[PDB]
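Shown next: work09.cif, containing mmCIF, C-alpha atoms and all ligand atoms; chains and numbers go by the auth columns.
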data_my_file
loop_
_atom_site.group_PDB
_atom_site.id
_atom_site.type_symbol
_atom_site.label_atom_id
_atom_site.label_comp_id
_atom_site.label_asym_id
_atom_site.label_seq_id
_atom_site.Cartn_x
_atom_site.Cartn_y
_atom_site.Cartn_z
_atom_site.B_iso_or_equiv
_atom_site.auth_seq_id
_atom_site.auth_asym_id
ATOM 1 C CA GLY A 1 -1.226 -19.021 1.808 0.00 1 K
ATOM 2 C CA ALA A 2 0.684 -18.953 -1.518 0.00 2 K
ATOM 3 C CA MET A 3 2.658 -22.130 -2.496 0.00 3 K
ATOM 4 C CA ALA A 4 5.949 -20.144 -2.714 0.00 4 K
ATOM 5 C CA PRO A 5 5.225 -16.668 -1.324 0.00 5 K
ATOM 6 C CA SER A 6 6.827 -13.998 -3.614 0.00 6 K
ATOM 7 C CA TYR A 7 7.275 -10.235 -4.162 0.00 7 K
ATOM 8 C CA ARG A 8 6.647 -8.766 -7.616 0.00 8 K
ATOM 9 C CA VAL A 9 6.342 -5.223 -8.985 0.00 9 K
ATOM 10 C CA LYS A 10 4.068 -3.938 -11.791 0.00 10 K
ATOM 11 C CA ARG A 11 3.860 -0.481 -13.412 0.00 11 K
ATOM 12 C CA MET A 12 0.090 -0.008 -13.919 0.00 12 K
ATOM 13 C CA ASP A 13 -3.105 1.228 -12.214 0.00 13 K
ATOM 14 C CA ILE A 14 -3.658 -0.727 -8.904 0.00 14 K
ATOM 15 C CA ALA A 15 -7.470 -0.459 -9.735 0.00 15 K
ATOM 16 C CA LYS A 16 -6.774 -3.161 -12.456 0.00 16 K
ATOM 17 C CA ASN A 17 -4.851 -5.560 -10.100 0.00 17 K
ATOM 18 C CA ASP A 18 -5.019 -9.375 -10.430 0.00 18 K
ATOM 19 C CA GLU A 19 -4.805 -10.031 -6.651 0.00 19 K
ATOM 20 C CA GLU A 20 -7.368 -11.246 -4.034 0.00 20 K
ATOM 21 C CA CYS A 21 -7.419 -7.829 -2.212 0.00 21 K
ATOM 22 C CA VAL A 22 -6.108 -4.237 -2.565 0.00 22 K
ATOM 23 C CA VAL A 23 -4.447 -1.766 -0.167 0.00 23 K
ATOM 24 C CA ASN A 24 -5.682 1.812 -0.647 0.00 24 K
ATOM 25 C CA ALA A 25 -3.263 4.677 0.062 0.00 25 K
ATOM 26 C CA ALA A 26 -6.125 6.299 2.017 0.00 26 K
ATOM 27 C CA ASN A 27 -6.614 9.619 3.794 0.00 27 K
ATOM 28 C CA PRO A 28 -7.734 9.538 7.435 0.00 28 K
ATOM 29 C CA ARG A 29 -11.249 10.869 6.607 0.00 29 K
ATOM 30 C CA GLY A 30 -12.375 8.234 4.086 0.00 30 K
ATOM 31 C CA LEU A 31 -12.612 10.927 1.343 0.00 31 K
ATOM 32 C CA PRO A 32 -12.226 10.128 -2.390 0.00 32 K
ATOM 33 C CA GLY A 33 -8.858 12.001 -2.413 0.00 33 K
ATOM 34 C CA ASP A 34 -6.493 11.924 -5.462 0.00 34 K
ATOM 35 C CA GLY A 35 -3.884 9.590 -7.024 0.00 35 K
ATOM 36 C CA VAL A 36 -4.219 5.891 -5.914 0.00 36 K
ATOM 37 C CA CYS A 37 -7.096 6.845 -3.514 0.00 37 K
ATOM 38 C CA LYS A 38 -9.224 8.408 -6.352 0.00 38 K
ATOM 39 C CA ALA A 39 -8.668 5.347 -8.665 0.00 39 K
ATOM 40 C CA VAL A 40 -9.708 3.098 -5.722 0.00 40 K
ATOM 41 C CA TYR A 41 -12.811 5.300 -5.078 0.00 41 K
ATOM 42 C CA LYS A 42 -13.887 5.019 -8.769 0.00 42 K
ATOM 43 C CA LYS A 43 -13.370 1.204 -8.816 0.00 43 K
ATOM 44 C CA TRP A 44 -14.689 0.261 -5.308 0.00 44 K
ATOM 45 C CA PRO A 45 -16.839 3.221 -4.057 0.00 45 K
ATOM 46 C CA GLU A 46 -18.896 0.914 -1.741 0.00 46 K
ATOM 47 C CA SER A 47 -15.615 0.296 0.219 0.00 47 K
ATOM 48 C CA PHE A 48 -15.626 3.942 1.481 0.00 48 K
ATOM 49 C CA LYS A 49 -18.582 3.339 3.864 0.00 49 K
ATOM 50 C CA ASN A 50 -17.124 4.114 7.356 0.00 50 K
ATOM 51 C CA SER A 51 -13.520 3.794 6.031 0.00 51 K
ATOM 52 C CA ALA A 52 -12.186 6.799 8.077 0.00 52 K
ATOM 53 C CA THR A 53 -9.312 5.677 10.391 0.00 53 K
ATOM 54 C CA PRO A 54 -6.318 7.414 12.030 0.00 54 K
ATOM 55 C CA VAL A 55 -2.791 7.829 10.682 0.00 55 K
ATOM 56 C CA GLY A 56 -0.680 4.675 11.190 0.00 56 K
ATOM 57 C CA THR A 57 -3.739 2.306 10.978 0.00 57 K
ATOM 58 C CA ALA A 58 -5.547 0.184 8.401 0.00 58 K
ATOM 59 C CA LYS A 59 -9.303 -0.446 8.168 0.00 59 K
ATOM 60 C CA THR A 60 -10.785 -3.064 5.797 0.00 60 K
ATOM 61 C CA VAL A 61 -14.212 -2.543 4.140 0.00 61 K
ATOM 62 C CA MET A 62 -15.660 -5.137 1.696 0.00 62 K
ATOM 63 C CA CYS A 63 -16.827 -4.177 -1.838 0.00 63 K
ATOM 64 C CA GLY A 64 -19.041 -7.210 -2.457 0.00 64 K
ATOM 65 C CA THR A 65 -16.643 -9.977 -1.324 0.00 65 K
ATOM 66 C CA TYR A 66 -13.501 -8.068 -2.504 0.00 66 K
ATOM 67 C CA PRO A 67 -11.575 -6.601 0.511 0.00 67 K
ATOM 68 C CA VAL A 68 -10.253 -2.998 0.332 0.00 68 K
ATOM 69 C CA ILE A 69 -7.671 -2.382 3.104 0.00 69 K
ATOM 70 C CA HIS A 70 -7.579 1.419 3.745 0.00 70 K
ATOM 71 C CA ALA A 71 -4.002 2.110 5.005 0.00 71 K
ATOM 72 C CA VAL A 72 -3.275 5.684 6.235 0.00 72 K
ATOM 73 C CA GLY A 73 0.372 6.748 5.825 0.00 73 K
ATOM 74 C CA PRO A 74 1.584 10.021 7.378 0.00 74 K
ATOM 75 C CA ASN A 75 1.733 13.287 5.370 0.00 75 K
ATOM 76 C CA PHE A 76 5.437 14.272 5.773 0.00 76 K
ATOM 77 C CA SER A 77 4.362 17.931 5.229 0.00 77 K
ATOM 78 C CA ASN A 78 2.833 17.735 8.772 0.00 78 K
ATOM 79 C CA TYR A 79 4.922 15.108 10.640 0.00 79 K
ATOM 80 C CA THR A 80 8.602 15.378 11.665 0.00 80 K
ATOM 81 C CA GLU A 81 10.922 12.917 9.800 0.00 81 K
ATOM 82 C CA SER A 82 11.124 10.916 13.090 0.00 82 K
ATOM 83 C CA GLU A 83 7.351 10.708 13.889 0.00 83 K
ATOM 84 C CA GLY A 84 6.522 10.254 10.184 0.00 84 K
ATOM 85 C CA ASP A 85 8.915 7.318 9.926 0.00 85 K
ATOM 86 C CA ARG A 86 7.249 5.682 13.033 0.00 86 K
ATOM 87 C CA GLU A 87 3.676 6.139 11.640 0.00 87 K
ATOM 88 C CA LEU A 88 4.707 4.857 8.138 0.00 88 K
ATOM 89 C CA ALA A 89 6.186 1.661 9.696 0.00 89 K
ATOM 90 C CA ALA A 90 2.991 1.295 11.834 0.00 90 K
ATOM 91 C CA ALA A 91 0.597 1.615 8.820 0.00 91 K
ATOM 92 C CA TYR A 92 2.388 -1.326 7.074 0.00 92 K
ATOM 93 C CA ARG A 93 2.304 -3.467 10.300 0.00 93 K
ATOM 94 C CA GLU A 94 -1.542 -2.952 10.417 0.00 94 K
ATOM 95 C CA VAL A 95 -1.728 -3.971 6.685 0.00 95 K
ATOM 96 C CA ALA A 96 0.119 -7.262 7.482 0.00 96 K
ATOM 97 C CA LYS A 97 -2.429 -7.974 10.322 0.00 97 K
ATOM 98 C CA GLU A 98 -5.391 -7.369 7.954 0.00 98 K
ATOM 99 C CA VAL A 99 -3.912 -9.457 5.061 0.00 99 K
ATOM 100 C CA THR A 100 -3.356 -12.299 7.607 0.00 100 K
ATOM 101 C CA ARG A 101 -6.882 -12.005 9.153 0.00 101 K
ATOM 102 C CA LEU A 102 -8.569 -12.044 5.669 0.00 102 K
ATOM 103 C CA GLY A 103 -6.780 -15.360 4.732 0.00 103 K
ATOM 104 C CA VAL A 104 -6.042 -14.046 1.188 0.00 104 K
ATOM 105 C CA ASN A 105 -3.322 -15.697 -0.918 0.00 105 K
ATOM 106 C CA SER A 106 -2.351 -12.401 -2.694 0.00 106 K
ATOM 107 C CA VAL A 107 -2.506 -8.594 -2.095 0.00 107 K
ATOM 108 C CA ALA A 108 -1.924 -5.526 -4.363 0.00 108 K
ATOM 109 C CA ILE A 109 -0.023 -2.763 -2.429 0.00 109 K
ATOM 110 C CA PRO A 110 1.133 0.783 -3.321 0.00 110 K
ATOM 111 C CA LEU A 111 4.171 2.468 -1.644 0.00 111 K
ATOM 112 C CA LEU A 112 2.532 4.526 1.162 0.00 112 K
ATOM 113 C CA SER A 113 3.563 8.193 1.659 0.00 113 K
ATOM 114 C CA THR A 114 5.566 8.336 -1.686 0.00 114 K
ATOM 115 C CA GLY A 115 3.166 10.696 -3.571 0.00 115 K
ATOM 116 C CA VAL A 116 1.389 13.842 -2.275 0.00 116 K
ATOM 117 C CA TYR A 117 2.177 12.700 1.352 0.00 117 K
ATOM 118 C CA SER A 118 5.991 12.557 0.592 0.00 118 K
ATOM 119 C CA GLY A 119 6.597 16.198 1.724 0.00 119 K
ATOM 120 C CA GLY A 120 8.418 16.564 -1.659 0.00 120 K
ATOM 121 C CA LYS A 121 11.127 13.900 -0.883 0.00 121 K
ATOM 122 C CA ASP A 122 11.988 10.588 -2.643 0.00 122 K
ATOM 123 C CA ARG A 123 10.841 7.936 -0.107 0.00 123 K
ATOM 124 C CA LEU A 124 11.008 4.821 -2.406 0.00 124 K
ATOM 125 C CA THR A 125 13.625 3.058 -0.189 0.00 125 K
ATOM 126 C CA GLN A 126 12.110 4.215 3.153 0.00 126 K
ATOM 127 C CA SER A 127 8.532 3.128 2.243 0.00 127 K
ATOM 128 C CA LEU A 128 9.588 -0.162 0.490 0.00 128 K
ATOM 129 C CA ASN A 129 11.788 -1.219 3.479 0.00 129 K
ATOM 130 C CA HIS A 130 8.851 -0.651 5.906 0.00 130 K
ATOM 131 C CA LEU A 131 6.647 -2.711 3.503 0.00 131 K
ATOM 132 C CA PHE A 132 9.216 -5.570 3.628 0.00 132 K
ATOM 133 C CA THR A 133 9.560 -5.376 7.461 0.00 133 K
ATOM 134 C CA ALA A 134 5.743 -5.850 7.795 0.00 134 K
ATOM 135 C CA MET A 135 5.034 -8.293 4.972 0.00 135 K
ATOM 136 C CA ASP A 136 8.080 -10.651 5.195 0.00 136 K
ATOM 137 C CA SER A 137 6.362 -12.793 7.915 0.00 137 K
ATOM 138 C CA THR A 138 3.115 -13.127 5.834 0.00 138 K
ATOM 139 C CA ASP A 139 2.640 -15.909 3.216 0.00 139 K
ATOM 140 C CA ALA A 140 0.534 -13.879 0.726 0.00 140 K
ATOM 141 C CA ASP A 141 1.938 -13.179 -2.786 0.00 141 K
ATOM 142 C CA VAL A 142 2.686 -9.407 -2.649 0.00 142 K
ATOM 143 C CA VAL A 143 2.410 -7.370 -5.866 0.00 143 K
ATOM 144 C CA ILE A 144 3.676 -3.781 -5.527 0.00 144 K
ATOM 145 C CA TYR A 145 2.083 -1.222 -7.926 0.00 145 K
ATOM 146 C CA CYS A 146 3.886 1.926 -9.167 0.00 146 K
ATOM 147 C CA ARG A 147 3.483 4.421 -12.075 0.00 147 K
ATOM 148 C CA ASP A 148 7.087 5.595 -12.839 0.00 148 K
ATOM 149 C CA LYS A 149 9.485 3.538 -15.095 0.00 149 K
ATOM 150 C CA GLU A 150 12.594 4.403 -12.988 0.00 150 K
ATOM 151 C CA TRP A 151 10.679 3.436 -9.772 0.00 151 K
ATOM 152 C CA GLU A 152 9.723 0.051 -11.388 0.00 152 K
ATOM 153 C CA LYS A 153 13.452 -0.678 -12.058 0.00 153 K
ATOM 154 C CA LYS A 154 14.563 0.376 -8.484 0.00 154 K
ATOM 155 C CA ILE A 155 11.763 -1.658 -6.815 0.00 155 K
ATOM 156 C CA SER A 156 12.557 -4.685 -9.052 0.00 156 K
ATOM 157 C CA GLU A 157 16.302 -4.393 -8.155 0.00 157 K
ATOM 158 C CA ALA A 158 15.507 -4.195 -4.377 0.00 158 K
ATOM 159 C CA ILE A 159 13.315 -7.333 -4.605 0.00 159 K
ATOM 160 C CA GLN A 160 15.946 -9.325 -6.615 0.00 160 K
ATOM 161 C CA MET A 161 18.795 -8.180 -4.232 0.00 161 K
ATOM 162 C CA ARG A 162 17.204 -10.376 -1.454 0.00 162 K
ATOM 163 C CA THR A 163 16.774 -13.461 -3.817 0.00 163 K
HETATM 164 CL CL CL B . -2.656 1.084 -16.487 0.00 201 H
HETATM 165 CL CL CL B . 0.970 9.426 -0.907 0.00 202 H
HETATM 166 CL CL CL B . 5.581 5.513 -8.769 0.00 203 H
#

Give the structure from this file in structure tokens form.
Amino acid sequence: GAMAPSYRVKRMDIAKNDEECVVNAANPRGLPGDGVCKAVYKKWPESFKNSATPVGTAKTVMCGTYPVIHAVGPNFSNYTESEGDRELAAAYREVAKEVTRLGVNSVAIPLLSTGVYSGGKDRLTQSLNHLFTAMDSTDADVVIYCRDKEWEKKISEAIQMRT
């Protein structure tokens, strides 16, 4: 575990993270996809061998010795708000299990279901709060990756509010 487990946020490509493992915002079929998933496919293509897994689950595949945790958030275009919320919470719980099992001291994580799976809504708070619910009981350093400047500020504020 980390000496003083922390949350941080960075605005940059998760494919250039400085952590001991990465969470992919995967699709259920293990396809290259777009957004975070396409950057992850370009950086760690070996990790997409038998990475297909259902919505609300996470499946880890090693790229060399570097773990890629494929976490499948719901597409809110297809799910009801209620069922979507349940599956998004579940995906983050399965990430916490994998991070714990791997014995890593740090993990890079995107906000699941906030991009093309958002069903055109702002889900920063919803997705971040499910991330916290899952990860608060782990002792890995968590580094949240985003691309938008206003998102960076809102995620930073939410982290510092608890401190
Ligand atoms: Cl970058
Ligand atoms: Cl997404
Ligand atoms: Cl973002």

Per residue of chain K within 7 Å of ligand CL 203 (chain H), what are the shortest atom pair and its distance in Å to one decimal, counting only C-alpha atoms and all ligand atoms, with rows by chain and residue number, as CSV?
residue,atom,partner,partner_atom,distance
K:146,CA,H:CL203,CL,4.0
K:147,CA,H:CL203,CL,4.1
K:148,CA,H:CL203,CL,4.3
K:151,CA,H:CL203,CL,5.6

Skip residue 2 of chain K itself and residues of its chain fewer than 2 positions away, then list as a ChimeraX atom specification all residues within 10 Å of it, counting only C-alpha atoms. /K:4-6,104-106,138-142

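Using all atoms listed in the file for every distance, the candidate list K:39, K:111, K:58, K:21 yields K:111 as the residue closest to ligand CL 202 (chain H).
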
Take the PyMOL selection byres (((not hetatm)) within 10 of (chain H and resi 201)), run it mentally on this structure, and tell me the resulting residues as a tab-separated table (two decimals) with C-alpha atoms, keeping the file's coordinate frame.
chain	number	residue	atom	x	y	z
K	10	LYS	CA	4.07	-3.94	-11.79
K	11	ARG	CA	3.86	-0.48	-13.41
K	12	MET	CA	0.09	-0.01	-13.92
K	13	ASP	CA	-3.10	1.23	-12.21
K	14	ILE	CA	-3.66	-0.73	-8.90
K	15	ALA	CA	-7.47	-0.46	-9.74
K	16	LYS	CA	-6.77	-3.16	-12.46
K	17	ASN	CA	-4.85	-5.56	-10.10
K	146	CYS	CA	3.89	1.93	-9.17
K	147	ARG	CA	3.48	4.42	-12.08

Show me which residues sit within 8 Å of ligand CL 202 (chain H) when counting only C-alpha atoms and all ligand atoms, and put them as a PyMOL selection string. chain K and resi 25+35+73+75+111-118

Could you check the closest approach to residue 74 of chain K for each of K:52, K:108, K:26, K:131 and tell me which residue wins, using all atoms listed in the file?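 Once distances to residue 74 of chain K are computed over all atoms listed in the file, the minimum belongs to K:26.
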
Do you know which residues the PyMOL selection byres (((chain K and resi 84) around 12) and not hetatm) returns on this file, as number ranges by chain? K: 55-56, 72-83, 85-91, 112-113, 117-119, 123, 126-127, 130

Atom pair atom CA of residue 30 of chain K / atom CA of residue 48 of chain K: separation (Å):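 Result for atom CA of residue 30 of chain K versus atom CA of residue 48 of chain K: 6.0 Å, one decimal.
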
Could you state which residues are captured by the PyMOL selection byres (((chain K and resi 61) around 8) and not hetatm) in this file, as a PyMOL selection string? chain K and resi 47-51+59-60+62-63+67-70

Expressed in Å to a single decimal, how great is the separation between atom CA of residue 40 of chain K and atom CA of residue 160 of chain K?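 These two atoms are separated by 28.5 Å.
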
Å distance separating atom CA of residue 34 of chain K from atom CA of residue 110 of chain K, one decimal place: 13.7 Å
